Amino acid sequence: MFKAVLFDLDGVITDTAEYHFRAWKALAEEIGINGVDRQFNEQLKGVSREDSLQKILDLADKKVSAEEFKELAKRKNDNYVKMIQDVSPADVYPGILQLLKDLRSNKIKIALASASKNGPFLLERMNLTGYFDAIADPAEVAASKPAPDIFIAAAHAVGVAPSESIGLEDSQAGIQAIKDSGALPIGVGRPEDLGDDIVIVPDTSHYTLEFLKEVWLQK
């Protein structure tokens, strides 16, 4: 049987995407650039703060100083950090709390493998800290998803090999990272997005200890 479950945060435990979008739209409004809508925002997911700001500046072909660029990026993040002050246990996705309770009682390690620089803060605010045996520090990983580094780090931090672990993710990049770590991915979402070759559930209410055990045995 598997020995650990490696969780991403956004799209698995809770939603951070909505707050990122609001922080970028607020910032875009302040400097008078139109076109930062949820459709545009798809081009911001999975990219660096700097690269996302550059994409928003390209909308208006706006140039800034290196100093102003750094300030705008910082403002966006300060805005983001203010908005996530609202996060509570009410924002934990369906099934996730009960899953973490069952894993813990069954002595299965729990690690976060998130690029969130606020993962620890966000787990405290949702009252989940007590379930996690490790959080992989994204500032200490050389390469982002779809590179496996952060899933490897999360597994090593709880004393297992990725080969002994299940990884939970909703993103193409995330599923590819889990697969290349040697962990077994279980996707949440749509086969059209995440591939036909892995087990996928429509939503997190299906991520149960019993379902995870069935998947591991079946391959």
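The term rigid core refers to the most C-alpha atoms you can superpose between the two forms while keeping them within 1.5 Å. A residue's number is simply how far along the shown sequence it sits, counting from 1.
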Higher-deviation stretch (C-alpha RMS, rigid core fit) in 6 other deposited structures of this protein, choosing from 182 to 190 and 27 to 35: 27 to 35
Higher-deviation stretch (C-alpha RMS, rigid core fit) in 6 other deposited structures of this protein, choosing from 91 to 99 and 76 to 84: 76 to 84
Between the two ranges 194 to 202 and 17 to 25, the one averaging a larger CA B factor in the entry: 194 to 202
Segment of higher mean CA temperature factor, 124 to 132 or 140 to 148: 140 to 148
Residue with maximal Cα B-factor (values as given in the PDB entry) among 104, 117, 82, 74: 74
Out of 177, 60, 153, 160, residue topping the C-alpha B-factor column of the entry: 60
Residue 44 - Cα temperature factor, lowest/middle/highest third of chain: highest
Cα B factor band for residue 171 (lowest, middle or highest third within the chain): middle
Chain third (lowest, middle, highest) by recorded CA B-factor, residue given as residue 64: highest
Within-chain third of residue 184 by Cα B-factor, per the entry: middle
Third assignment of residue 52 from its chain's C-alpha B-factors: middle
